[PDB]
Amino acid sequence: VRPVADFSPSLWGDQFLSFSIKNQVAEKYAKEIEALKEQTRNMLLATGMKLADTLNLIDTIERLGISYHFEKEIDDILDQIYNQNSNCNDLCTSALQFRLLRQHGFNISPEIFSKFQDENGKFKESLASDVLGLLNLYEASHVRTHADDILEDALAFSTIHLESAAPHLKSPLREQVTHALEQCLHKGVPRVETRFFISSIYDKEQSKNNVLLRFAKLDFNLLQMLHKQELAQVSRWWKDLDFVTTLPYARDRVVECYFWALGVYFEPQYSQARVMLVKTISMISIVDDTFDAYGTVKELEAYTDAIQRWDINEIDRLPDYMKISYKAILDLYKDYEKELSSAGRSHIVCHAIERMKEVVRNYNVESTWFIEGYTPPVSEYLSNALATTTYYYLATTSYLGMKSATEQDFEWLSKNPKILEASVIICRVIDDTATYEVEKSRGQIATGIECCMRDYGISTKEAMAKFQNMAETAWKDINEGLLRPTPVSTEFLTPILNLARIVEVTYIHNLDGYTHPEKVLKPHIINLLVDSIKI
């Protein structure tokens, strides 16, 4: 109750509080899109297309962010391509084939890349002057599984040569290439990459397809109207409880939390789900700050205890300010119960609650360790720190609003499947690398990186690197987790992959973009939620 937190306040003020949809623009946009959608569908169903032209078609529709209209169409075509083991075998076309099929769960063999390597298993340097090939190899290299050692040098090979070529390339290729080196496609946030592709690249293409371009622009701008509605409604919900003033020790980041929810899914069909999810993110952010930047060892115990018991009767046992958090929390979940009552999917809230209880227990442990000055071995540290990412919790939460999610889906998730552990590890390891210094100067001894130095007996940098490996292993596990046959439908894997993406995108350049949103998140939020795409 006496630590002075240097949390910058919300960048946004009330600018998101009111949004009145221009129903006439909306209906106009919607009507034209039906037509462009249909034309685009026929583009996909065109018969007798070259392989390379079909893959570029699907890639472009995917990068323009409109692929969610043609899930069946795009699937059938990739299925067909997979089962054909094909005979268009230039580097460009092969790497793109590999990437698209793999991203869709088709376990295409990495043997396709042998024709491009010497007898030493190294990529032929004679390819260093095929820039489009190098670019697609580069993107493909980020979808490695552990079975794909054949690609172990694709990333360094393509990188060194893209770097060397980039400055002399025409536009917008030069810009595409430069952006890819900064942010690969597979690990970027979908809305972020789509907005960059439409405005910065495709729109400046000499060969651009006008139908697809108009389509992409109207759709993005139309969905954005929805997100703005969601954000506004969520902004009033955040307002009508005023933790801004009530709980001034906490980070005020509901816009940043909505961005997180939007990264997990952007499709209109997940509107209910996004709104539930972002509420949870906001709330848990509060609890996190509570344990970490204000409440006392004594108060936290009462808090954890109450959370585990989960009944209002316990409020009185908590100091006045924790009564606020605590009731809001309990209400939020009764709200969820109401929203889901309509469809009789109300029972499923308990899975999310159980995961929240878990997070809090581990927050309390993390606190005990801080007081005692305990520096666990990495094993023990991880056994506790993984859940305090909140990622088991958010992933579970992300299913609430999803109308098709069943009990078997939650029963899979509850077992900590490998794809979820990987996403959780990526978040943990990235947050620890980014926040090493600030937490260490603030009297932290239980820091993940400290445990790693003290445990293995290695420098701050040697520990930084081991953590990077864990994240890289983790991505290979995510990539392997998407391959068919999948343990649950792909729709329930994507949010977990997306959770991994958001942490990569937000901690880019190794900085806590959530706590300090100005450098990185702000531009994203502006491009996704403030500015429309100029038609």
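Residue numbers run from 1 along the displayed sequence. Just so we're on the same page, rigid core means the largest C-alpha set that superposes within 1.5 Å between forms.
- Once the structures in 6 other deposited structures of this protein are superposed via the core, the pair 438-446 and 191-199 is resolved in favour of 438-446 as the more displaced stretch (C-alpha RMS).
- Each structure in 6 other deposited structures of this protein is fitted to the shown form on the rigid core, and of 86-94 and 125-133 the C-alphas lie farther away on average for 86-94.
- Mean CA B-factor, 269-277 versus 300-308: the higher value falls on 300-308.
- Between the stretches 410-418 and 238-246, it is 238-246 that shows the larger average CA temperature factor.
- Out of 398, 423, 87, 209, the entry records its largest CA B-factor for 87.
- For the set 200, 183, 346, 224, the PDB entry assigns the largest Cα B-factor to 346.
- Sorting the modelled residues of the chain by their CA temperature factor places residue 523 in the lowest third.
- Residue-level temperature factors show residue 171 in the lowest third of its chain, judged at the C-alpha atom.
- Placement of the Cα temperature factor of residue 329 within the chain: middle third of the modelled residues, per the deposited record.
- Residue 510: CA B factor lies in the highest third for its chain, per the PDB record.
- Ranked by C-alpha B-factor against the other modelled residues of its chain, residue 436 falls in the highest third.
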